[PDB]
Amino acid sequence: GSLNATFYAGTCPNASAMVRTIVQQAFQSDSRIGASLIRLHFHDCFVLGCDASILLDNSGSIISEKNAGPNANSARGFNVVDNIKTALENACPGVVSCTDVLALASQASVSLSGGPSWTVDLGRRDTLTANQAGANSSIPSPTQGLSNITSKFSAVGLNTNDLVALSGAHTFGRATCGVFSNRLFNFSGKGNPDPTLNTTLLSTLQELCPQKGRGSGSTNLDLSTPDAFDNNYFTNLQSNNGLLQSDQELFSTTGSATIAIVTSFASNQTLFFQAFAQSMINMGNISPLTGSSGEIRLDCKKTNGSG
């Protein structure tokens, strides 16, 4: 419905700088926050479009996406999002959508982490509903395999190029034992660890995530540069060092078109950065609410009139 770069030009011209300022503050105490923030945009877009559905808390009317499988005890940064919103509301009351906040924060997070900048498209509007069931089914799982994951991307209009570049977001941030422990001991019922997992990594992960353990351990998505936004994620894959089954599958899946793309990104960081920016824009374009559909939420946690 034609999101555009200049949507707030009249009404909140400095929105981008303001978001960036808050995200930078946030980074001061939490190295992980930029990663968590971009993930929220991803999880937002993949369920009923980039409509801030994910942000909504439980109520009598709302069964929160926060409780969905991919989100529960995993998704994070909601308080920081509130802090960004509070700044915007103070400068430009009633203007900037939560859906837009997520898009803007994503760019700030990458740029602040040494990554590329891109021109965020704006004009999204905030949903009055959540779709927990959609979150359970629409969002890719790390263990469902590349074909299913690729279908899930297609399903929202994102192609293989998009999939590989976007997977590059795993260049920063963290993962809990449970999302990758299937690799560790009895992979795919084989009785052995995933052979595509670098044995050096395997050994440390095994210690981190003991087989009859509680699963509290957490580690870096990118063992090379856990916080910098760079192409090391791709180089890692070349060395069997991708963390998630879904990560490594991009390189190790015999005959996958993904392999050449990863190699290309591994060779040329600039190329990866350019592709990542375009892909972020593409993801950001998924099924927006626009015009007078939806609302501008005053508090991202709640529909207007609920708090």
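Start at 1 with the first residue shown and count on from there.
- Set 183-191 against 76-84 and average the Cα temperature factors; 183-191 ends up higher.
- With 5-13 and 280-288 compared on mean CA B-factor from the PDB entry, the stretch scoring higher is 5-13.
- If you compare the C-alpha temperature factors of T150, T143, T99, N71 in the entry, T143 comes out highest.
- Which of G173, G114, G213, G168 has the largest Cα B-factor in the deposited entry comes down to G213.
- The deposited CA B-factor of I62 belongs to the highest third of values across its chain.
- Residue-level temperature factors show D126 in the middle third of its chain, judged at the C-alpha atom.
- Ranked by Cα temperature factor within the chain, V23 sits in the middle third according to the deposited record.
- The entry lists a Cα temperature factor for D222 that places it in the lowest third of the chain's modelled residues.
- For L158, the recorded CA temperature factor ranks within the highest third of the chain's modelled residues.
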